[PDB]
Every structure is written in structure tokens, then in C-alpha cells.
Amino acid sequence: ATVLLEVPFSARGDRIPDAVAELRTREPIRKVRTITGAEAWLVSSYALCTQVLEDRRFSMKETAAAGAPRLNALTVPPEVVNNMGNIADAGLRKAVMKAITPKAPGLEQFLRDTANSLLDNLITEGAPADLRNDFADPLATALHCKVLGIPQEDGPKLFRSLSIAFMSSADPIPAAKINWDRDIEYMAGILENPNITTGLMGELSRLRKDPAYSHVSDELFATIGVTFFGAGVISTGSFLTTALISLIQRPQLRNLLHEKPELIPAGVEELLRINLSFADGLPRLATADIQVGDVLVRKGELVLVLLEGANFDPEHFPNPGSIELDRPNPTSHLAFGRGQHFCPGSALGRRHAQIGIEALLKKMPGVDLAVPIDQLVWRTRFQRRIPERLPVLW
């Protein structure tokens, strides 16, 4: 007697389990059990992942409904699962998306300056260096303080909420509410602070006092700050960290991008495609009976969209484990999702990684792991896959 297949399969972010390819071939939608004990449908082919993400009857909002089968416990108030919907309904979607592009004057230069300063400090201190805690995550934090218009010195405290906020837990987490309420209070004070005039929070502060927004709640304005800081920092920091591993393990690619930095955008797009930073499939709740492959998913059931199932599918990306800079379909991966909930920070996330890699390859052309790859410690029961430390020499 066996048990129902459990998800997630592995917290290791340096390699995909051989098991994913076997599953995609044999059963590209199949029943699994999540850490809560709920049953769910795990979808692992490119075609069926795209189908689910482009059909809004598979709803992200309804995953928050009381009594639903759950992937994990909520770490935000349930109305925040509808965050982008709430922003759109408030008439704020265009302004929010405009504030988080990489295109504001001076933003790219600030990113380069910050990355170079972090790297110079590591070089001064001498190898080994930890590229997660002392490069990728501080670069992500600095970027999001600048994008939000808030003081750089406020970044570390906001950052330290995230090791709990993005937990993937069977049960509610008391610390998550403590930190959430504190971080909301912080952002509410930012909106009242006359010195905050730039970035996303400076723009929201003006719109809040504009008559066209007089009935938008103060709670939503503060929530936009907390959520875009948290999603952006955890996503860019975790992605850059595991991209650095993929790059360091490919010395030929490392040297090519060092020699020809104009290929860095194509390289980052492939690093996005093969990235294992998302620890769980993306969750959706069926709001109707819907045919997905050989399975009739029933109303009220949970569906999990496995991004690396799609992104390593050889029917869409031949030789899927190979980084190839000349693919005919290079941005067609699902690293930023697809459909209604496509990542609103995709351009900024690309530029964060491109600039971080450019700066690293120039400052540390001989970068290499300082420990055997199996010695990395992979964070468990978390919404991202990340090594607790990333020790390198150069």
C-alpha cells in the first residue's frame, strides 16, 4: 500500500528531479496531496499549464475562500489574495505599473552603483563571500526601497518579515500577522510623511489626496506598499540567487557573457526559463467543471500549475535543460506566469538580474563556488527555493 503522491517534490533549487519528466509524459495532470492534507490537481505540461493560466474560471481569488482545499495557509488577509483586482477596481493599476518599470531616470544607474558597491565591499573583506545574504538580497532590497521612494535605511527591517511572510505552511503563522500589521502601520506613516515625494509611495501619496480617489481606502494604499515590496524583493532576490548558481556552474557561459555582455539579456531570459525559484505550483480554484487533458476538474477543486513542468517541456523547448541563446521562442516561458495574473514587475525583475550579473562578471570574472554544490542548505516549507548561504570565491 502506497500513499497519494505528495507535493512539493524537492526543495532543491539547483536541479529538476528526474521525476518531473516522467510525470509530464505519463500523467500531465494528476492527483496529489498538499502539505495541508488537501487533494489537488498538479499540471506539468506546457500546453495544459497555459490552458489553466489563461482560463479565468480557474480563479486565484477563490483560493482564499473559507473551506476550500488549500495548498498552504494564508499569511495575508484573505482580501489581499485579490490584490491586483483591488488595485484595478480602485483605478490605480496604470499608476502602479508605471512606477515599477525600470525606466525612471537614474534608476538603472542606482542599481549599478549599488551592485558595484556591494561587490567592492565583498572584495575588500576577502573570500569566501555569501552572494545571497551579502549581494542578491541587499540588491533586491535597495532596489525596492528606491522604486517605492522610501528611505534605504528602512529596507532591512521590512526585509526581515519575508522569511516568515513567504512561508508555505500547513497552519496559520502567528508571526506573519505580527509582521503584517507592523508593516502596514509603517506604510500608512509613509503616506502621511511629507518628505516622501518620489517613487510608488510618493505617487500614491498624491493620488490619495486627489478628489478622483477620495473613496479609496487608506488600507489599500498601505497594502500596495507592503505587497509590492514583499513580492518584488522575495522574487528578485531569490531569482538572482539561483540564476547565479546556474551561471557559476557553467564556466563556458560565464566566460561568454563576461566577454560579450551584450548577450546578457538573452542569457537572463534562459536563466528565467530554467529557474526553480517557485517552490510550489501556482494555485487556482475551479469555479466550474472544466476539462483539462484527460481529467474533468470539478467545481471547488484545487489546481497547481507547475512552472518548471511547462518550462522544461521538450515539446515546447527542445533540449530543455540546455541554456541556448538562439531559441526561436525565448520569452514564451512561464517564469512570470501567464494570463490575468502575469507578473506586473517583469521588466524590473529582468533588469535587476541583468545589472546584477553584469556587475558580478566585471568585478569577479573568476567567480566559483567555495563549497561543493551538495553543501548548499535549501530552505524548506517556503514559497521560494533558495540556499540559506551561497559561498563563493573568485
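Quick note: we count residues from 1 along the sequence shown, nothing fancier.
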Could you check the entry and say whether 358-366 or 331-339 has the higher mean CA B-factor?
-> 358-366
Between the two ranges 143-151 and 117-125, the one averaging a larger CA B factor in the entry = 117-125
What's the residue among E262, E185, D313, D171 with the greatest CA temperature factor in the PDB record?
-> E262
Based on what the PDB entry reports, which of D134, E270, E308, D294 has the top C-alpha B-factor?
-> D294
Sorting the chain's modelled residues by C-alpha B-factor, tell me whether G345 ends up in the lowest, middle or highest third.
-> middle
Taking the chain's C-alpha temperature factors as the reference, tell me which third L390 falls into: lowest, middle or highest.
-> middle
Compare the C-alpha B factor of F317 with those of the other modelled residues in its chain, then answer lowest, middle or highest third.
-> middle
Going by the recorded CA B-factors, say which third of the chain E39 sits in, lowest, middle or highest.
-> lowest
Based on the entry's values, in what third of the chain does the Cα temperature factor of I196 lie: lowest, middle or highest?
-> highest
